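Before any questions on how it binds or moves, here is one chain, the form deposited in one PDB entry, in structure tokens.
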């Protein structure tokens, strides 16, 4: 029985309160099919854990993996709300820390594959290929990652990413982006949803984040726009400990799902509409 850790991140993982009787409301996808939901425990400062409802692209993927590899699971939301970075001694936070400490056995989330994490855990082959882009409020004019308001920044134009995410580390690690990283360090947000809302409320001027998320937000909210294309390619993989007996069949199943159209179906169901 596998302990799955995930994180709130639409459209990959929706998190909704349970009904008064502890069950999850019956809903239907854009195609008319029922939405498969799982009970996931997590916090709402103390972390009071309560049962909640989880669904979306990553939950559909988990259900597929569980059905095809014959394992049972319990899902919970990462206690500290973070994706996972390594901060004398060094420590992993977020889902990475939970997987390494045994609080989880598998990470099923939009978890970016990078060298830092791969040193410590095993990634599947990517279940989603995407990249980094920039989200702004409609009317804001920036060309992209090379815009002067990003490369020669001031307090007149504020931009940020999510703390303790792969994107934060992307900017920390490259000296060519040090001017940006030092600006963003003062303004990074605790979660992507808070950053998106801050862009909507004109309190954050540009949000640098995963294109699969940003492009979905822009497709739903017409006052939000992305700056165009990707300045960096990245991908999400399933995360497991290096000694996991499940790792090779997980990766084979991901490849089979790309190849037989299952991932494309998820993409149409959850991502593009």
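By rigid core we mean the largest C-alpha set that fits within 1.5 Å across both forms. Residue numbers count along the first chain shown, from 1.
Undergrad: Answer yes if residue 226 is missing coordinates in at least a third of the other compared entries, and no if every one of them models it.
TA: Residue 226: modelled in all of the comparison entries.
Undergrad: Output yes if residue 34 is unmodelled in at least a third of the other compared entries of this protein, no if it is modelled in all of them.
TA: Per the records, residue 34 is modelled in all the other entries.
Undergrad: What does the record say about the segment between residue 220 and residue 221: how many deposited residues are without coordinates (none, 1 to 3, 4 to 9, 10 or more)?
TA: The entry has no unmodelled residues between residue 220 and residue 221.
Undergrad: Between residue 87 and residue 88, what class does the number of missing deposited residues fall in: none, 1 to 3, 4 to 9, or 10 or more?
TA: The entry has a gap there, with 4 to 9 residues left out between residue 87 and residue 88.
Undergrad: Tell me which stretch, 249-257 or 19-27, has the higher mean Cα B-factor listed in the entry.
TA: Stretch with the higher mean C-alpha B-factor: 19-27.
Undergrad: Do the C-alpha atoms of 92-100 or of 138-146 have the higher average B factor in the entry?
TA: Looking at the record's C-alpha B-factors, the answer is 138-146.
Undergrad: Looking at 48, 64, 233, 37, which one carries the largest C-alpha B-factor according to the PDB entry?
TA: Among 48, 64, 233, 37, the PDB entry lists the largest C-alpha B-factor for 48.
Undergrad: Determine which member of 165, 124, 152, 191 has the highest CA B-factor, using the values in the deposited entry.
TA: Spelled out: the listed residue with the top C-alpha B-factor is 152.
Undergrad: Would the CA B-factor of residue 3 place it in the lowest, middle or highest third of its chain?
TA: As the PDB entry reports it, the C-alpha B-factor of residue 3 lands in the middle third of its chain.
Undergrad: By the record's CA B-factor, is residue 201 among the lowest, middle or highest third of residues in the chain?
TA: It falls in the top third of the chain.
Undergrad: Residue 83: which third of its chain by C-alpha temperature factor?
TA: CA B-factor rank for residue 83: lowest third.
Undergrad: Would you check the entry's CA temperature factor for residue 225 and let me know if it's in the chain's lowest, middle or highest third?
TA: For residue 225, the deposited C-alpha B-factor lands in the middle third.
Undergrad: Using the temperature factors of the C-alpha atoms in this entry, rank residue 180 within its chain: lowest, middle or highest third.
TA: According to the entry, residue 180 has a C-alpha B-factor in the chain's middle third.
The form deposited in another entry exists for this protein as well; it is not shown, and the discussion that follows is about that form.
Undergrad: Would you indicate which listed residue, out of 72, 174, 202, 119, moves its Cα by 2 Å or more between the shown form and the other one relative to the superposed core?
TA: None of the others reach 2 Å, which leaves 174.
Undergrad: Superposing on the rigid core, I want to see if residue 30 changes position between the shown form and the other one - specifically a Cα shift of 2 Å or more.
TA: Where the cores coincide, residue 30 still shows a C-alpha shift between the shown form and the other one that is 2 Å or more.
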